[PDB]
Each structure stands twice: as structure tokens, then as C-alpha cells.
Amino acid sequence: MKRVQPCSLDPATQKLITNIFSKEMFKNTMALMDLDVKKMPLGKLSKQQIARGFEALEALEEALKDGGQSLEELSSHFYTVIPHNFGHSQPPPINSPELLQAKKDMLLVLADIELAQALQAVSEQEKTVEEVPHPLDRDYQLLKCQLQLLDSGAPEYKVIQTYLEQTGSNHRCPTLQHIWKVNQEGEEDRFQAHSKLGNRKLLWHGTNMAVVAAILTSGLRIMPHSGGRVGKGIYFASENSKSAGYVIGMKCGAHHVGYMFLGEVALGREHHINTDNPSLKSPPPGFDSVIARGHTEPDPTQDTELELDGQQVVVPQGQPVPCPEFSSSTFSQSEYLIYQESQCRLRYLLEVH
Ligand SMILES: CC[C@@H](CO)NC(=O)CCc1nc2ccccc2c(=O)[nH]1
């Protein structure tokens with residue numbers, strides 16, 4: 001029998017690792033995306049299945065753009081590959097660009113669920129080694145990402161807290177529980193190359209809980225089949241309320257639990273837009289970012305700065321105020337886009353109730 005070594009983690013980090021590696025949380029997410037968890041168990045989920053899923057969605061995309069199969073014939077093949085559960089009734093046809101991108105977004109989450117499952121596989125070295133770490137230490141070690149819990153006294157604590165409270169829902173106030181500094185090793189070098197590229201900003205990136213382990217393992221990515229209102233890049237917001245909309249919040253006890261990322265984004269020369277462009281794959285030449293400007297913006301006169309690795313990083317601190325220039329924008333709130341993974345570094349992780 002193998003000796004289980006004691007857990008080295010603080011209670012808040014243990015709780016976080018318990019939450020983001022939880023089998024029930026992953027199944028819950030699949031259930032919330034109307035996936036058939038009985039026909040698709042966590043352990044049966046595979047890279048081949050997800051690939052076959054995206055192949056079926058691409059065929060549907062070609063039909064949506066000949067004498068080929070009908071949209072219902074092609075939809076039926078997608079549901080055979082990715083079993084859904086609509087109370088065991090006939091699943092609906094994927095006959096619109098809005099339905100298609102939603103199905104792609106579902107598979108991107110499912111790919112991050114499969115990645116967390118693949119990450120937890122027992123290596124041959126582990127089978128030979130005569131002791132084992134506590135399961136939470138093992139999961140933490142697999143992320144290959146340093147997490148450091150901040151106390152109310154850390155220099156950035158009050159700055160982050162003000163950012164959260166001033167730009168979050170005025171009535172549906174997100175309650176801050178914990179902040180971890182995130183040091184993803186193998187993400188430092190690519191981001192540091194952009195040292196001469198300024199206009200650095202700390203921006204929100206909200207996700208569901210089932211993709212947090214994959215992000216701590218791999219960083220924010222520009223995945224194939226990804227997209228949205230401002231194309232194929234990494235989406236950020238300066239308003240917490242915009243990023244919070246993407247946080248489902250899992251029920252636990254008498255409260256909700258969710259996680260939010262803060263990323264350091266080197267925006268450099270910004271290109272501003274006031275209308276949707278799902279076809280963008282990069283900024284225009286000579287630009288380093290695309291900012292879909294909203295009707296509001298956290299009061300720029302209230303911006304502060306944080307020193308992160310000897311670089312000034314703008315941190316908004318004001319409530320949203322109107323922006324007359326973008327009063328007629330198709331965006332109510334700003335969306336910040338970068339099209340190179342190296343222009344982002346994860347910096348903080350927040351637990352919110
Ligand atoms: C493809 C769905 C998943 C895979 O992780 N993506 C997310 O949950 C990111 C969602 C998100 N979208 C935004 C869009 C505009 C502005 C901000 C955000 C944001 O914070 N998260």
C-alpha cells in the first residue's frame with residue numbers, strides 16, 4: 001500500500017482545487033449544456049469524439065454557406081457523435097450561424113473538460129513510485145501553475161477589490177472571497193518579448209468553472225472554431241459585469257461559487273470599432289489590438305497603475321460613465337481583443353459568491 005503524503009495547501013487553495021477538478025462540477029456543466037452524461041460519461045469523453053464533433057459542425061457550416069444532405073440530416077449526424085438530452089425527444093436542427101457558433105462554444109468547453117480528464121491520468125512513474133501526494137497536491141502540481149493566496153494587506157488587493165466593486169453589478173454585487181496571484185510557468189517568456197509594446201491593461205476574463213483547470217494549465221488560447229462579435233481572438237472586458245455574465249456560478253450550500261480571471265493585456269496600438277465584425281482574425285496592419293467600444297467605460301480619469309514585473313499596468317478604478325463618441329455603438333459595454341496568445345499573461349484568480 002502507498003503512503004498518502006499530507007496536503008501542503010492552505011484551506012482556500014484546497015477548496016479551489018477541489019472545485020475546479022470536481023467530477024460532479026464537470027457532469028453538472030455537461031448537464032447544463034443539455035449533454036447526455038449517461039451516453040457520454042466523463043471517462044469515455046475523448047479527443048477523437050470532439051474532433052468528429054467539430055467535423056460534423058463544419059459540414060453543417062458548408063451547408064449554411066448544392067444537392068448535399070439537408071441541415072436536419074447533417075444535424076442528426078452531429079447528435080449521433082455528441083449525444084444530447086432534451087428529455088429523450090428529437091434534438092433541434094442547427095440551421096443558423098447563431099446556433100452553429102453556440103454548438104462550437106459547447107464543444108470548446110467539452111474539449112477543456114476532456115483536457116482536465118486527460119491531465120489527471122496516472123503516469124507510469126506514479127504507478128512505480130511507492131508514495132503518493134495528497135490528491136489535492138497532485139492536482140495542483142499537474143496545473144504546472146503557481147497560485148499564491150493574497151491577504152487583505154497585499155499591495156494589489158485593494159486595487160483589485162475597487163476594480164471589482166466599481167465595475168461589477170450595482171445591485172447584484174459579486175462578493176469577493178479570495179484572490180490568488182497566478183504565475184503560469186511557460187507563459188512568462190512569450191509575454192516578456194512584448195516589453196517594448198506598452199498600453200498594458202489589467203482586464204476581466206470570465207468563464208465557467210469547467211474550463212478554469214485548462215486555463216491554469218494552458219493559459220488563454222485562440223482555439224480553432226472559436227469566434228464571436230469581434231472575431232477569432234481572446235475576449236476581455238474592463239467592466240466586471242460584462243465578464244460575470246459568462247460565470248454560471250455553481251450552487252454549494254446556501255450560496256453560489258464562481259471564478260474570474262484578471263489578465264495583463266499588452267494592447268499596444270489600439271484600433272477602435274463601434275460595429276460587430278465576426279470575420280476579424282487579427283487587428284488591421286500597424287495595430288496590436290481591436291477594442292469594440294461600448295456606450296460606457298469605467299471613468300478613465302479614475303484609472304490607477306500597478307507595477308507588475310517592472311512594467312506599468314493600467315487598472316481601472318472608476319464606475320462606468322457614458323462615452324459620447326460611442327453613444328451609437330452596437331456594443332453596450334467594451335470588448336478588448338488580442339489575436340496573439342503572447343499578448344496576455346494571467347495575473348489573478350478571484351473566487352466570488
Ligand atoms: C468558447 C466558450 C468559452 C470557452 O472557454 N469562452 C468563454 O467562456 C469566454 C467568454 C467570455 N467572453 C467574453 C466576451 C466579451 C467580453 C468578455 C468576455 C469574457 O470575459 N468571457
# chains A, B, ... in the order shown; residues from 1 in each chain; ligands from 1
call {"tool": "residues_around", "arguments": {"residues": "range 200-203 of chain A", "least_positions_apart": "4", "cutoff": "10 Å", "atoms": "only C-alpha atoms", "output": "MDAnalysis selection string"}}
result
chainID A and resid 160 163 195 235:240 243 261:268 305:306 311:316 335:336 343:348
call {"tool": "residues_around", "arguments": {"residues": "residue 116 in chain A", "least_positions_apart": "5", "cutoff": "12 Å", "atoms": "only C-alpha atoms", "output": "PyMOL selection string"}}
result
chain A and resi 17+20-23+25-26+42-43+45-47+109-111+121+139-140+142-143+209-218
call {"tool": "closest_residue", "arguments": {"among": "A:137, A:151, A:297, A:351", "to": "residue 320 in chain A", "atoms": "only C-alpha atoms"}}
result
A:297
call {"tool": "select_by_dssp", "arguments": {"residues": "range 10-205 of chain A", "states": "alpha helix (DSSP H)", "output": "ChimeraX atom specification"}}
result
/A:11-21,23-32,47-63,71-81,97-119,124-128,135-143,157-167,188-192
call {"tool": "select_by_dssp", "arguments": {"residues": "range 171-319 of chain A", "states": "strand (DSSP E)", "output": "VMD selection string"}}
result
chain A and resid 176 to 184 200 to 206 234 to 236 250 to 252 255 to 266 270 to 273 289 to 292 296 to 298 304 to 308 311 to 315
call {"tool": "residues_around", "arguments": {"residues": "residue 286 in chain A", "least_positions_apart": "4", "cutoff": "10 Å", "atoms": "only C-alpha atoms", "output": "list in words"}}
result
residues 268, 269, 270 and 271 of chain A
call {"tool": "closest_residue", "arguments": {"among": "A:87, A:231, A:135, A:186", "to": "ligand 1", "atoms": "only C-alpha atoms and all ligand atoms"}}
result
A:231
call {"tool": "residues_near_ligand", "arguments": {"ligand": "ligand 1", "cutoff": "8 Å", "atoms": "only C-alpha atoms and all ligand atoms", "output": "PyMOL selection string"}}
result
chain A and resi 104-109+112+204-208+211+226-228+234-237+240+242-247+334-336
